[PDB]
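Take a look at this single chain in structure tokens; it is the form deposited in one PDB entry.
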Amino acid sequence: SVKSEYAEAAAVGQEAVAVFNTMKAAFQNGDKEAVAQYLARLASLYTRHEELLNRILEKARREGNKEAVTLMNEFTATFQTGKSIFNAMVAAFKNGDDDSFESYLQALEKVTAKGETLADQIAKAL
């Protein structure tokens, strides 16, 4: 069901949370080789999550589930904010700009924490 597809998407999201926190520890410790690998892993995870969320939204649309569509439109918009900040973080790593990297890292945490009440709302709506 669309609900079980959302649970699969939620787990992929939690995997990115786990890798992100590991990455943050590596950055603080100066282990740039580790950071590079974690950023690659995160890119692949976010790409997967993005695709799953799109399939969930498209299915809710085909089902006529208006409330779930509303919530998923809001959630996918916030996802794109996180993606843009993530991409900027990757660029800051490439460029050696640790000040920008720290900034983007905190921003991405706050955007992610904010979007969590909506994430739980969607589960209940599908």
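For clarity, a rigid core is taken as the largest C-alpha set superposing within 1.5 Å between two forms. So that there is no doubt, residue numbering starts at 1 and follows the sequence shown.
With every structure aligned by its rigid core, 114 to 122 is the stretch of 21 to 29 and 114 to 122 whose CA positions lie farther away in 9 other deposited structures of this protein. Averaged over Cα atoms, the B-factor as recorded in the entry is higher for 104 to 112 than for the other of 7 to 15 and 104 to 112. Within the listed group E58, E50, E33, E67, the record reports its top CA B-factor for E33. Ranked by C-alpha B-factor against the other modelled residues of its chain, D99 falls in the highest third.
For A26, the recorded CA B-factor ranks within the highest third of the chain. Only modelled residues enter the ranking.
Although not depicted, the form deposited with a small molecule bound is the subject of the following passage.
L53 belongs to the set of residues with a heavy atom inside 4.5 Å of the small molecule in the deposited bound form.
Although the partner is absent here, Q14 is a contact residue: one of its heavy atoms lies within 4.5 angstroms of the small molecule in the deposited bound form. Although the partner is absent here, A119 is a contact residue: one of its heavy atoms lies within 4.5 angstroms of the small molecule in the deposited bound form.
Heavy atoms of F93 never reach within 4.5 Å of the small molecule in the deposited bound form, leaving it off the interface.
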